[PDB]
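Below: one structure, written as structure tokens.
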Amino acid sequence: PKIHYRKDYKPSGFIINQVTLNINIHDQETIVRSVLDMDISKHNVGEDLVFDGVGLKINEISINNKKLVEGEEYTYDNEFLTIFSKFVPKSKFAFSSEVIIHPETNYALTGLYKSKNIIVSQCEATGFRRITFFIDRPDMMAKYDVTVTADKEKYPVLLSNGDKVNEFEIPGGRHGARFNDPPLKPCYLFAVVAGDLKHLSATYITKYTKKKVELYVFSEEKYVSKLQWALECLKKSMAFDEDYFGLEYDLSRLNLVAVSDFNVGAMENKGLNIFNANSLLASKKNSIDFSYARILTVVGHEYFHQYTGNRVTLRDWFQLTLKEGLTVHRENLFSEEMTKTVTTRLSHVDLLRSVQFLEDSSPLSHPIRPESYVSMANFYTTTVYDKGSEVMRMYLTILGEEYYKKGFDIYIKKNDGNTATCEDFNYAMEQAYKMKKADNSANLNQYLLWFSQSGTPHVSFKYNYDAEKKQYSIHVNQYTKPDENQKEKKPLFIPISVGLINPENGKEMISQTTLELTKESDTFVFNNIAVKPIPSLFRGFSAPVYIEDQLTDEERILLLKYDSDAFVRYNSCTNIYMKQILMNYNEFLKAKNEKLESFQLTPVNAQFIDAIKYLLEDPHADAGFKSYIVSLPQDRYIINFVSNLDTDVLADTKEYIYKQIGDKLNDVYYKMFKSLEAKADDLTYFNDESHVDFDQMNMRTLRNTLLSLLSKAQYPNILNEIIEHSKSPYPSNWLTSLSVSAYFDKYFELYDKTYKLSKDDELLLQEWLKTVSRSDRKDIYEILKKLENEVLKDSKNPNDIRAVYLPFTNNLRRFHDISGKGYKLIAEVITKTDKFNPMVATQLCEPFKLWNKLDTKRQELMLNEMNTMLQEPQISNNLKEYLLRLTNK
Ligand SMILES: [Mg+2]
Ligand SMILES: [Mg+2]
Ligand SMILES: [Mg+2]
Ligand SMILES: [Zn+2]
């Protein structure tokens, strides 16, 4: 079991200058011929030549056109091809090989594979070695000359990186295409696509150089009409990188291709970005609203990698956050600018605080730059991506827009066309920090701890106000709990964006201020503060931390109503709910523990309910923001605050709180549901493929949120609203009608209606599957059995498997059924999936991440299932490593 260490990085004793590939696609096999023009590096110590090569069938291998003899000159163990040093030349040489691979049976979706009738590659991170032999690591930069041959009728469209230099006919109904890509690239960015693809195209003219760029978006014929939004998103991404960063696309063409079978969202292969169909295709008739924001973010993300990942490369896989964290940060800036809705930033914070905080307090906790790995694929995490994006975003908060843009340009100019590390990025930002602070002694050495220290910091406050002195003090403390990665945690450089609200009039008392907390504790004093303020802390969620505001609910209500910052208002509401949840949770738990015949529950704060009503009734307030305020915090956010969490007691606590609020606001919720109809469901632009209105989609989110609240409350005659909602032309509405009808006798009637509406579109059927999976049904186990038998069957499509099972794992009462039946069900699916797709089997482990945070009985049931999965003789290296780390073994 090999463990790779970050501190062990050493450049290779070899160089690969040129790759010349011939990929011959046939009915039952693909033949791959490859010539590597190689050299000996200055780091060479006369070692054996070792190539990565996984599952390759060797026809022949040669050095300088001399065939090598198996056993005497080379060994191959289905993982590593070792050429004994005595047979390796001492100067420039050619290594050649001919191997056979089988894309048709490649269900792992890594290397070269078949997705429906499209042949497609996936090389990141270690997939290139599944195509041909290589020193499969990102610092091995080479030029690529690639020829693809295939049956013309089955595969008329052939694509790879670089310029298409030749197209030729081959006897027997075959054809070929040659692509030459002269700029150096790592092998993970190589890609090839063959299929009967249809396209939409456009020309984009760059801002400064005025270069004409050809943009092509591809899919199978049936779904070509769903590519228009992706094309608009690509134009928007190009414009944003030019406008904000002054960055222009350098190539003559950019291809985007949608495939049905994909492990993740998309992949940034140079000039040939490949996408999960669910992250590229959409139509107003056949997609839910979420598809629009998803395509915008994913198209944006892969486009932004052209600089942060493609032009500026990674030295090694330990630097992953350098491309992933930075690109998620670029994607988030872009989406905030494109949507112009406060909910975009809130959605990012909601994701981090629920999912990433759970990971950071779990046995899987790691820094954004880990010190070791066994399985590289298990490094692609919410910590590396999302905490990494927040670490990248803190540089912008610290420096401000002007100096951040200066530091970013320094990073690009210094590292363009080269490999880079997290230190190179920090160095560039430090140069901008020195410029901003107007002193060359200033540094960001302490900032590096954000890359090496795991765990979420806790930031707590105490306040003081002297009315006579007009002097206000904010005492701040930071603390990170020790974990398995560091016995001793050090204080971080934490930027605290702050405001001071006058409680008398809700006005700002001070200008924009970012407190730079660099010690374990500090006291920040403010003079000429005329009245005791209410502090607005961590505006825009300025640091990825647990905020302990120490404010009363009266102060939190005033911020919720009057503060200027969307995050602080949202957070103040979150904190009020958390204080209520913890109180009622303890009250129900004590009643259950003591077997009480009667007991009391603390009611929901009446002034808090009044504030929710005030905000909901405000016609000038944001519909997206309103949907957050009426929703309780996520279960995965709540679990970070409760030890030995009893899921039944939490379900009872949530039910009580929602009923308490609904008993006062249902008539308001109903009135709003009806009044929002006209604007939310406006059909004016339904047949305009490019007209996307994020505010209108948020108005639909609010209506669908209110309808769910009203249906759960059994609001008088709400079933009439539900049935009418099922007739809407918008899938977000008609699929909502299915989910909310779970509380009524008409559920199966809507189940059949919505299935009929969804069945003829691959992606919409996956959305219908998700809706069914998350339906709050008492007969959910019987329903999942019906989906398996009638719809899912033996599908190996990751979108199908994930749609049926993952939404169900969010069902608090049912997935966590005390018998352990839900844990048993998901473990059976993990083990079955692991046989063909280890990466998807590991994704399916997601509900087990919080195992040691639940009540002792559920901890025991989850652990038993993970130990059963670990005992499987055929377990993959990926799943084994993941479960060993998760179970602290
Ligand atoms: Mg094979
Ligand atoms: Mg422009
Ligand atoms: Mg299918
Ligand atoms: Zn990425």
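The trypsin sites (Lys or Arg not before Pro) found in region 321-381 that occupy coil by DSSP, while having at most 16 further C-beta atoms within 10 Å, are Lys340. For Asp693, what is the net charge nearby, where nearby means another residue's Cβ is under 15 Å from its Cβ and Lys, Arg count +1, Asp, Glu -1? Its environment carries a net charge of -2. For region 546-628, GluC sites (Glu not before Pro) meeting the loop criterion (DSSP other than H, G, I, E, B) and having at most 16 other Cβ atoms within 10 Å: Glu594, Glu597, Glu617.
In degrees from 0 to 90, rounded to the nearest 10, what is the angle of the helix 762-773 Cα long axis to the longest principal axis of the chain? Here the helix axis deviates by roughly 40 degrees. Over the chain, Cα pairs under 8 Å with separation of 6+ residues give a relative contact order of 8 percent.
How would you classify region 455-550 from its alpha-carbon gyration tensor, with a ≥ b ≥ c the square roots of the eigenvalues: rounded for a/c under 1.5, else prolate if a/b is greater than b/c, otherwise oblate? Verdict is prolate for region 455-550. Projected onto its three principal axes, the C-alpha set of region 277-343 covers 45, 27, 17 Å, listed from the longest axis down. For the chain, the longest principal axis of the alpha carbon atoms and the long axis of helix 553-562 meet at an angle near 70°. Over region 198-283, all Cα pairs binned in 5 Å intervals from 0 give whole-percent P(r) values of 3, 15, 25, 24, 17, 10, 4, 1, listed from short to long. Legend: residue pairs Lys626/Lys793; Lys654/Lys759; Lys832/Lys857; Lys236/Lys481; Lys116/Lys832, Cα-Cα distance threshold 31 Å; pairs beyond threshold, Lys626/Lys793; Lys654/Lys759; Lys236/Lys481. Each of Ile875, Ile101 was scored by other Cβ atoms within 10 Å of its Cβ. Listed from fewest to most, they are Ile875, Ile101.
For region 727-794, trypsin sites (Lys or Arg not before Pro) meeting the loop criterion (DSSP other than H, G, I, E, B) and having at most 10 other Cβ atoms within 10 Å: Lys727, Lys778, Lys793.
Principal-axis analysis of the Cα atoms of the chain puts helix 877-886 at an angle of about 30° to the longest axis. Taking 13 Å as the straight-line reach from the Cα of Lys746, the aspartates and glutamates in range (excluding those fewer than 8 positions away in the same chain) are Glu721, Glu724.
The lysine pair count for region 264-416, using Cα distances under 29 Å and pairs eight or more places apart or on different chains, is 24. Take the chain and mark each of the chymotrypsin sites (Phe, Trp or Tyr not before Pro) that is in a DSSP loop with at most 11 other Cβ atoms within 10 Å; the longest unmarked stretch, sites excluded, is 209-598.
Derived scalar couplings between HN and Hα for region 101-114 equal 10, 9, x, 4, 9, 7, 7, 6, 6, 9, x, 9, 9, 9 Hz in order, rounded to whole Hz, by the Karplus curve 6.51 cos²θ - 1.76 cosθ + 1.60 (θ = phi - 60°), x for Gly and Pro. Computed on the Cα atoms alone, the convex hull of the chain gives a volume of 181 cubic angstrom per residue.
With ideal geometry, Cβ positions are generated from the backbone for all residues, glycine too; neighbour counts draw on all protein chains shown. Bear in mind these aren't lab numbers, they're just calculated from the coordinates by the rules spelled out.
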